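Structure first, then comments.
Cβ placement follows ideal geometry from the backbone for every residue including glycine, while neighbour counts extend to all protein chains displayed. Derivation of every value follows stated rules applied to the coordinates shown; laboratory data play no part.
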Amino acid sequence: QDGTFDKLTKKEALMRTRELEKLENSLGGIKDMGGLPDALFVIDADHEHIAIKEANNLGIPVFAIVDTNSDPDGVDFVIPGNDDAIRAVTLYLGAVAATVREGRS
Amino acid sequence: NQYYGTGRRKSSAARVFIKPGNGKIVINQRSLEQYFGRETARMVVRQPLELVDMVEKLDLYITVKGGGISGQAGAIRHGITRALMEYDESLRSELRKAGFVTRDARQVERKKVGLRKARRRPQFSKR
Amino acid sequence: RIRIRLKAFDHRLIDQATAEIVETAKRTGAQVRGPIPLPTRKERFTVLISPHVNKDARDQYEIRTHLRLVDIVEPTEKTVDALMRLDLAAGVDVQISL
Amino acid sequence: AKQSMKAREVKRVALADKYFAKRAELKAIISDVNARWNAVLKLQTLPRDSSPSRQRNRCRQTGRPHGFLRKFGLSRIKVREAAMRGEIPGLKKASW
Amino acid sequence: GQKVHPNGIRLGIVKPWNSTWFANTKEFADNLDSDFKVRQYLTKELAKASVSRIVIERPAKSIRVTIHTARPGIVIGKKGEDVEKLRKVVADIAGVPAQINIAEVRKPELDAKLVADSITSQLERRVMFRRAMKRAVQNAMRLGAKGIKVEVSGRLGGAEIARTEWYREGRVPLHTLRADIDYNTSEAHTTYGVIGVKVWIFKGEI
Amino acid sequence: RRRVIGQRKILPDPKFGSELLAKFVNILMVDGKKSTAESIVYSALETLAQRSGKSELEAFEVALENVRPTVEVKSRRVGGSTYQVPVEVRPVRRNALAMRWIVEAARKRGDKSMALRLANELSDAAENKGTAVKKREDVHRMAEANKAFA
RNA sequence: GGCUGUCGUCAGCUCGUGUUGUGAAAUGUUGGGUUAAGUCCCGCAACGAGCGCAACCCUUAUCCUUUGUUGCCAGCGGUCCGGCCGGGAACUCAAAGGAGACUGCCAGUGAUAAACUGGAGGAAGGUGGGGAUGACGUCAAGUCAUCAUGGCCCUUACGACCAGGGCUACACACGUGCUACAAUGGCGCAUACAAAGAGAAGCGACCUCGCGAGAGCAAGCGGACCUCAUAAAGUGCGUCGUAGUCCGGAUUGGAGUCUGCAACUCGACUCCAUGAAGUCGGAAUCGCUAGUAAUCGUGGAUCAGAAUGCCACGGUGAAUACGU
């Protein structure tokens, strides 16, 4: 707001802003605080085994809805749910959101 | 109204007349057949002029001191397009958008201090 | 109505160019109003001698120059036949500005 | 240092800097031959270490007879090692 | 060595100059000779002065030389008598009352000349240099100046072979003009050959 | 490729049906120079009778018999690599390929305008001159000289 | 030391953390497109960063803010018909500052993505056209003969001043460019044909002769004001129709002009004589990507003086790039 706008240049500044817009869009929520998550709610295991492996290495419990054909060893809170039926996963995320919203008493 | 205008190409300085009538054409004390008909410069020095109003239809008492043969052609084109503004005051946009007042790239590029042609290896390719 | 963006070059040239630039533009008929007292002014290219961290010093070349106020209305043929045929005043630039 | 040793051309075209600028117009008869000054014009033979004909592209850095320009006395071949100094108006290396 | 001197490249930037001005076309030789004489003869006798920087400028038949010192103790000397003597010497050489000015400087951390001199002295002290190199780098980083590079020549011990090391750490954008980078190489005549040390400091931005 | 397609149909010349004259300059069209050649052919042939001593009616194609090639270079992929393999000159490239390289060296070779170049360079063929004839002397290098490998 | 050539304006060289492997190591930087590309984006156990590239630098492709002296002379007075004076600074030209090209947009190909393509907008379509920017390295590369520089000699000296020559001399060969080998040219006649530059120790306006060289006289300027400077290949006019040629100009004298005290070896330039080899050049080979080749000259720096070298400017002006 101070230097990039018009202090030095605009065309180069415009190109720089256009390039950095995608970076700004990325990390929308994780950029709020210092991170250090205490849990995770990944929607899949085989597709996103990297997150589960990282959590296991760091000892972070994972409440993942493991797929019927994924590896349940990584997830300590395996939930025999489903990955298709977008309505079902929407209902699950809505339910967990409702529970966490009132979880602070 | 008397449509006068200079125009140039490569730092030329011409005196371009455009008025109704005046069939005689004096292009820097030359002859019509010597620079615009039945000779080497019959049409090459008027290629852009084909698109614009024909030269024969408009008198040209031009003392063009500047530019090559194609340089003279471009200077005449620039002079006429910048001189008939009185004839059509709106051409400042029309001709602007018609690519007629623009300094055509069909010329030796303006250069800093540089090579013989400033775009390629000169005729001493040996290194 | 007449402003001049004088380009200063040196002191030896300016010493005579302060007046000799237009001294030959008026003999008997020109409308020039003569020299003006012209208090001290600093006019030169948009270049500084040595810009440093101190942004208040704004060091610049000091040259004594005088802007032209010709404002002729009806010069005679002979009075201005040599308006620019001057043998002195190395630095000349009559940059009138409406 | 070596600057003084290789300053042979420094003192050869310096004394006459302003010896003719204001004299040629007034003394054009002497300056221009009215032909033949076979004697007066030959007096330059006596000085064998400094004369207008002895100009040899003054270069105190190396003393060679190369590398001078009356307009500004700027490098023309040393630019290869001083191309970033900005002292190259008019004449520059021919690659473009 | 395809590199170029950053100071020469910084001629068109606000950083101090060494020889640049506009004047008459018939006074180049004498002016250049006077500038060379004052520059050469104003630093040879300043071995113990440890002056941070002396700059001579001749914009238009005017001298505005500026002097910045590093350590007041090593430059005051005998109540500044040597300073007055040098001022008189330069004034009589130039023939005009030069407006000499002295500006105090401190914090001998980000100064390229001082760190280079310290490195050369330590090398001449017959002690290890890599530890000194790392110490200088970390000291420079501690006091700001996010970006620094160092380099030393070879000729170690009784070996004719030479090696070059940099151990760069930080930002040293030489190619970009807007970097206000500082550099001043130094040399030391050790027991075997001469060892040269180069330092580049990137002290922030404009 | 399994099948091959022939040349694209092109209308003839209403004036005299001179395909050679049309192909001389059409392939070389640039900067809208077609009008120059169109206005120059008639003007040149009007005075060429005295300019060169012959009229461009029957002598315009009397020194071009050797132009017609018998073997032409064709980039054919055989043995896993490109090769010439000079085959009989098919109508697709027998004349078009040779015609496209005639004004490639007689374009601005000593005149400020193409007013007299095009006509004169071809009229000079009657006096053991020109360049369109010698062009055929280069194709023989790769033909009838490497029959062992071709 | 510094600098330069070399791969090489090539797309490159590494690191921090993380991950895989007992480990050396690998990934990042292996893939797709842009492709000039570690530029960019996408996918991706990788994420980011430090150097290189791109743009950030200069010029140019349009217009605008500001502006007219000498330069242009739209309009006004005649025209000292060249626009000369005022005058307009519309405006050619010029600059103190900008925008306009930035995948910006329509549609399609393409994994929807990236990217590409067809189209449109605009002077400028996929860095709009050129440059400054040469990495880790690299070769005991070259440079101590540009300078400095460790070591190796000596200072009545392999130190130097002066006076002739030599780097251009020949017995030949090689590398480069120029001249040509012409009639797409040569002759004289009429004809409008540039710019960047350079210059009070200078060009030298003009005036007289020299076939000319240039000399006797000479304003001008501190240079948008005075000179180089007229342009050339070109066209119409008569010419030879390929003539060892009016081509080509070396080449062996004279008459001579100037630069320089003095120029055969080692100055330039002009006229007469010189009309040779060479009539497009084998084995072959090299340079060429749009103003490209191809050319035509113009000058500037170098200049006591001595370009076919080098630098700089214009005049004109095509095809080949399907393809790995």
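Here are the numbers for the structure shown:
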quantity	calculated
Exposure proxy order (Cβ contacts within 10 Å, fewest to most) of E:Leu32, A:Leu27, F:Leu118	A:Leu27, E:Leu32, F:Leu118
Positive-end extreme of charge dipole, the protein assembly as shown - chosen from B:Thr40, B:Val55, A:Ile65 (charges on Cβ)	B:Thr40
Global form of segment F:1-52, assessed from the alpha-carbon gyration tensor, a/c cut-off 1.5	prolate
Translational D in µm²/s for chain A (Stokes-Einstein at 25 °C, 0.890 mPa s, Kirkwood Rh from C-alpha pairs)	145 µm²/s
Anisotropy class of chain C from Cα gyration tensor, a/c 1.5 cut	prolate
Relative pair counts by distance (%), Cα atoms of chain F, 10 Å bins	9, 34, 32, 17, 7, 1
Among E:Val55, E:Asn24, E:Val199 - extreme Cα towards positive end, dipole of chain E, charges at beta-carbon	E:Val199
Reciprocal mean inverse distance between Cα atoms of chain B - Kirkwood radius, Å	15.8 Å
Partner chain coverage, peptide E:19-29 - average Cβ within 10 angstrom	5
Measure of compaction for the protein assembly as shown (Cα Rg per 2.2 N^0.38 Å)	1.48
Selected from A:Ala98, A:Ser26, A:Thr9, residue furthest toward positive end of dipole (chain A; charges at beta carbon)	A:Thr9
Assigned charges on the beta-carbon of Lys, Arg, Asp, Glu; chain F dipole about Cα centre (debye)	1040 debye
Global geometry of segment E:16-106, whether rounded, prolate or oblate, following the gyration tensor of its Cα atoms and the 1.5 cut on a/c	prolate
Magnitude of the charge dipole, the protein assembly as shown, Cβ model with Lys/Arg +1 and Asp/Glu -1, debye to 20	3840 debye
Residues C:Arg5, B:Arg8, sorted so that the one with the fewest Cβ neighbours within 10 Å comes first	C:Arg5, B:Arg8
Residue order, fewest to most surrounding Cβ atoms within 10 angstrom, among F:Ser35, E:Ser19	F:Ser35, E:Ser19
Spatial separation of Cα centroids for segment A:27-75 and segment C:1-69, in angstrom	76 Å
0 to 90° range, to nearest 10: angle between helix A:11-25 axis and chain A longest Cα axis	10 degrees
Acute angle (nearest 10 degrees) that the helix E:130-142 long axis makes with the longest principal axis of chain E, alpha-carbon atoms	60 degrees
Shielding by partners - mean other protein chain Cβ count within 10 Å, residues of C:49-62	3
Dipole magnitude (debye, nearest 20) for chain E, charges at Cβ of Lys, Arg, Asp, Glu	660 debye
Segment B:36-53 residues near the modelled B:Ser90 label - backbone nitrogen below 11 Å, point 7 Å along Cα→Cβ	none
Over segment D:1-86, volume per residue of the alpha carbon convex hull, in Å³	132 Å³
